[PDB]
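Participant: So that you have it, the file is entry21.tsv, and it contains TSV, N, CA and C atoms:
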chain	number	residue	atom	x	y	z
J	1	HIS	N	81.25	118.96	63.84
J	1	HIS	CA	80.05	119.55	63.17
J	1	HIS	C	79.78	118.84	61.84
J	2	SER	N	78.53	118.75	61.45
J	2	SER	CA	78.17	118.06	60.16
J	2	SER	C	78.79	116.66	60.10
J	3	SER	N	78.35	115.78	60.97
J	3	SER	CA	78.90	114.39	60.98
J	3	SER	C	78.17	113.52	59.95
J	4	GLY	N	78.74	112.40	59.60
J	4	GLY	CA	78.09	111.49	58.61
J	4	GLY	C	77.08	110.59	59.33
J	5	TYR	N	77.51	109.42	59.75
J	5	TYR	CA	76.57	108.49	60.46
J	5	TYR	C	77.36	107.44	61.26
J	6	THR	N	76.96	107.20	62.49
J	6	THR	CA	77.68	106.20	63.34
J	6	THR	C	76.69	105.52	64.30
J	7	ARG	N	76.75	104.21	64.41
J	7	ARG	CA	75.81	103.49	65.32
J	7	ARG	C	76.44	102.18	65.82
J	8	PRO	N	77.40	102.32	66.69
J	8	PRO	CA	78.10	101.14	67.26
J	8	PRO	C	77.22	100.44	68.31
J	9	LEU	N	77.53	99.21	68.63
J	9	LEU	CA	76.72	98.46	69.65
J	9	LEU	C	76.77	99.18	71.00
J	10	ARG	N	75.69	99.14	71.75
J	10	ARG	CA	75.67	99.83	73.07
J	10	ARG	C	74.96	98.97	74.13
J	11	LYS	N	75.50	98.92	75.32
J	11	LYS	CA	74.87	98.11	76.40
J	11	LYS	C	73.63	98.83	76.96
J	12	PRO	N	72.82	98.09	77.66
J	12	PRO	CA	71.58	98.65	78.25
J	12	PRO	C	71.90	99.45	79.52
J	13	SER	N	70.89	99.78	80.29
J	13	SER	CA	71.11	100.55	81.55
J	13	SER	C	72.06	99.79	82.49
J	14	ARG	N	73.08	100.44	82.97
J	14	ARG	CA	74.04	99.76	83.89
J	14	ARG	C	73.48	99.73	85.32
J	15	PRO	N	73.92	98.75	86.07
J	15	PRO	CA	73.47	98.61	87.48
J	15	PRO	C	74.11	99.69	88.36
J	16	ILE	N	73.51	99.96	89.49
J	16	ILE	CA	74.07	101.01	90.41
J	16	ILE	C	75.37	100.52	91.06
J	17	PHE	N	76.12	101.42	91.65
J	17	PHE	CA	77.40	101.03	92.30
J	17	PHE	C	77.89	102.15	93.23
J	18	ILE	N	78.82	101.86	94.10
J	18	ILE	CA	79.34	102.91	95.03
J	18	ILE	C	80.15	103.94	94.25
J	19	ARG	N	80.48	105.04	94.87
J	19	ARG	CA	81.27	106.09	94.16
J	19	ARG	C	82.77	105.84	94.33
J	20	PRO	N	83.55	106.49	93.51
J	20	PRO	CA	85.02	106.35	93.56
J	20	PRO	C	85.60	107.02	94.81
J	21	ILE	N	86.86	106.78	95.07
J	21	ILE	CA	87.52	107.38	96.27
J	21	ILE	C	87.75	108.88	96.07
J	22	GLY	N	88.05	109.57	97.13
J	22	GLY	CA	88.29	111.04	97.04
J	22	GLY	C	87.11	111.78	97.68
J	23	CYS	N	85.94	111.62	97.13
J	23	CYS	CA	84.73	112.30	97.71
J	23	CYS	C	84.35	111.68	99.05
J	24	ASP	N	84.70	110.43	99.26
J	24	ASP	CA	84.38	109.75	100.56
J	24	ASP	C	85.34	110.20	101.68
J	25	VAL	N	86.23	111.14	101.40
J	25	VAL	CA	87.18	111.61	102.44
J	25	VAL	C	87.40	113.12	102.28
J	26	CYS	N	86.39	113.90	102.57
J	26	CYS	CA	86.52	115.39	102.45
J	26	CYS	C	87.77	115.90	103.17
J	27	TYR	N	88.23	115.18	104.17
J	27	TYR	CA	89.45	115.62	104.91
J	27	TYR	C	90.63	114.71	104.56
J	28	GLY	N	91.72	115.29	104.11
J	28	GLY	CA	92.91	114.47	103.74
J	28	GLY	C	93.17	114.56	102.23
J	29	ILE	N	92.15	114.76	101.44
J	29	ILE	CA	92.36	114.85	99.96
J	29	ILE	C	92.93	116.23	99.58
J	30	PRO	N	93.46	116.30	98.39
J	30	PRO	CA	94.04	117.57	97.90
J	30	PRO	C	92.95	118.58	97.53
J	31	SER	N	93.27	119.85	97.58
J	31	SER	CA	92.27	120.91	97.25
J	31	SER	C	91.70	120.72	95.84
J	32	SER	N	92.53	120.38	94.89
J	32	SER	CA	92.03	120.18	93.49
J	32	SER	C	90.99	119.06	93.46
J	33	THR	N	91.26	117.95	94.11
J	33	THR	CA	90.26	116.84	94.13
J	33	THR	C	89.04	117.28	94.93
J	34	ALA	N	89.26	117.97	96.02
J	34	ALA	CA	88.13	118.45	96.86
J	34	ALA	C	87.22	119.37	96.02
J	35	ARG	N	87.79	120.25	95.23
J	35	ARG	CA	86.94	121.15	94.38
J	35	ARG	C	86.14	120.30	93.38
J	36	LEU	N	86.78	119.33	92.78
J	36	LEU	CA	86.07	118.44	91.80
J	36	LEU	C	84.98	117.64	92.53
J	37	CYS	N	85.28	117.16	93.71
J	37	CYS	CA	84.28	116.37	94.49
J	37	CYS	C	83.07	117.25	94.85
J	38	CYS	N	83.28	118.53	95.02
J	38	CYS	CA	82.14	119.44	95.36
J	38	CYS	C	81.44	119.90	94.08
J	39	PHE	N	82.20	120.13	93.03
J	39	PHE	CA	81.61	120.58	91.74
J	39	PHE	C	80.80	119.46	91.08
J	40	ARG	N	81.27	118.24	91.15
J	40	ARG	CA	80.54	117.11	90.50
J	40	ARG	C	79.65	116.36	91.50
J	41	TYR	N	80.23	115.82	92.54
J	41	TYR	CA	79.40	115.06	93.53
J	41	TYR	C	78.67	116.00	94.49
J	42	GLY	N	79.29	117.08	94.87
J	42	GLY	CA	78.63	118.03	95.81
J	42	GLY	C	79.13	117.80	97.25
J	43	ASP	N	80.20	117.06	97.43
J	43	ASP	CA	80.72	116.82	98.81
J	43	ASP	C	82.00	117.63	99.02
J	44	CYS	N	82.37	117.85	100.26
J	44	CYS	CA	83.61	118.64	100.57
J	44	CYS	C	83.47	120.06	100.01
J	45	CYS	N	82.31	120.65	100.13
J	45	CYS	CA	82.10	122.03	99.60
J	45	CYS	C	82.43	123.06	100.68
J	46	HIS	N	81.74	123.02	101.78
J	46	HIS	CA	82.01	124.00	102.88
J	46	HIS	C	82.85	123.35	103.98
J	47	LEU	N	84.14	123.31	103.81
J	47	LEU	CA	85.03	122.69	104.84
J	47	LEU	C	85.48	123.74	105.86
Produce structure tokens that represent the structure in this file.
Facilitator:
Amino acid sequence: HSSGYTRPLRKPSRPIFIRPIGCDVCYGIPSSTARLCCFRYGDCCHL
């Protein structure tokens, strides 16, 4: 809260890319990863 001032160099819009592993395998992954894959990506929700 109440910060001073900061403006470091920043890159432009990044190019698209495939997603990380875990969500690409709704079956076989752990329940904790499956919940995260459904909460963030939206996959492995109704198994």
Participant: Excluding stretch 33-37 of chain J and any residue of its chain fewer than 5 positions from it, enumerate the residues within 6.5 Å of it, using only N, CA and C atoms, and give them as number ranges by chain.
Facilitator: J: 22-23, 42-45
Participant: Of the candidates J:40, J:4, J:47, J:12, which one gets nearest to residue J:26 if we count only N, CA and C atoms?
Facilitator: J:47
Participant: Enumerate, as a VMD selection string, the complete set of residues in stretch 10-41 of chain J that a backbone-based DSSP assignment places in alpha helix (DSSP H).
Facilitator: chain J and resid 31 to 36
Participant: The selected residues should be written to file as a short mmCIF file (atom, residue, chain, number, x, y, z; two decimals), in the frame of the given file (atoms: N, CA and C atoms).
Facilitator:
data_model
loop_
_atom_site.label_atom_id
_atom_site.label_comp_id
_atom_site.auth_asym_id
_atom_site.auth_seq_id
_atom_site.Cartn_x
_atom_site.Cartn_y
_atom_site.Cartn_z
N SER J 31 93.27 119.85 97.58
CA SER J 31 92.27 120.91 97.25
C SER J 31 91.70 120.72 95.84
N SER J 32 92.53 120.38 94.89
CA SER J 32 92.03 120.18 93.49
C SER J 32 90.99 119.06 93.46
N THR J 33 91.26 117.95 94.11
CA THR J 33 90.26 116.84 94.13
C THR J 33 89.04 117.28 94.93
N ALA J 34 89.26 117.97 96.02
CA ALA J 34 88.13 118.45 96.86
C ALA J 34 87.22 119.37 96.02
N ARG J 35 87.79 120.25 95.23
CA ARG J 35 86.94 121.15 94.38
C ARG J 35 86.14 120.30 93.38
N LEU J 36 86.78 119.33 92.78
CA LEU J 36 86.07 118.44 91.80
C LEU J 36 84.98 117.64 92.53
#
Participant: Just the number, please: distance in Å from atom N of residue J:29 to atom C of residue J:16, one decimal.
Facilitator: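 Rounded to one decimal, the two atoms are 24.3 Å apart.
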Participant: Can you measure atom CA of residue J:32 to atom N of residue J:20 for me? One decimal in Å is fine.
Facilitator: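 So the answer is 16.1 Å.
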Participant: Between atom N of residue J:46 and atom C of residue J:17, what distance in Å does the model show, to one decimal?
Facilitator: 22.9 Å
Participant: Draw an axis-aligned box over all listed atoms of stretch 28-40 of chain J, pad each side with 5 Å, and write its centre and edge lengths in Å, one decimal, as AutoDock Vina command-line options.
Facilitator:
--center_x 86.8 --center_y 117.8 --center_z 97.3 --size_x 24.4 --size_y 16.7 --size_z 23.6
